[PDB]
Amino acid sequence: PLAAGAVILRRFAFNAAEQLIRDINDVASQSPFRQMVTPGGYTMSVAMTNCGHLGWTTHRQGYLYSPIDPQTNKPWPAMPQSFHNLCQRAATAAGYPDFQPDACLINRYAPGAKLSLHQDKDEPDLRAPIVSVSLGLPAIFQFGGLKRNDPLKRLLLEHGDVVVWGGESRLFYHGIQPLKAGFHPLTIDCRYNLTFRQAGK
């Protein structure tokens, strides 16, 4: 059992990937990818956008979920059908049939992009899982435990892999190591990851 509460579904989204990527591009045509600035003043190497009713974003030197994209002053694009359906199939298979995300954060990793170790604790109910979908180039996902200094474990996440982070794992510190450059036939030179969240109360 790699991470208590987590359910790894390798290649679960492999068949859906081309459609998912088309929908990423459609979302980004409305709410573009942008590299947000952390509360500490650093520009993230990962570029982000969102779809759904709520979107994860910097605002006033903190993080929060907002119904409005600060870059466009318009709502985030609606949740694509492909996104909704894939998430529900994965969550249901993993034992979370009532998971109803209202936010999907879309991350784009260019070579060298990384995410420092952190917890996702900005959501109102931490009993709801987060569903992660990997597309394109492979990345090393690192995760520890409930404490910042718990022992780290690592696993490669490859194109089409889905992880449902539930139970205890929902609160683990985690991150992504600097992305290795390469080629993928559907994303060309990057990785994307979708993370579905229940962000509304």
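We call the rigid core whatever largest set of C-alpha positions still superposes within 1.5 Å between the two forms. In case it trips you up, residue 1 is the first one in the sequence shown, and so on.
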Original post:
Between 57-65 and 41-49, which one strays more from this form in 4 other deposited structures of this protein if you match the rigid core and compare Cα atoms?
Top reply: 57-65
Subject >> Between stretches 151-159 and 166-174, more displaced by Cα RMS in 4 other deposited structures of this protein (rigid core superposition) >> reply: 166-174
**OP:** Quick one: say whether 63-71 or 47-55 has the higher mean Cα B-factor in the deposited entry.
**Re:** 63-71
**OP:** Going by the average Cα B-factor in the PDB entry, point out whether 78-86 or 118-126 comes out higher.
**Re:** 118-126
Original post:
Out of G160, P32, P39, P138, which shows the largest CA B-factor listed in the entry?
Top reply: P39
Original post:
Taking the Cα B-factors listed in the entry, which of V164, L156, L146, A28 comes out highest?
Top reply: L146
Subject >> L194 by Cα B-factor - lowest, middle or highest third of the modelled chain >> reply: lowest
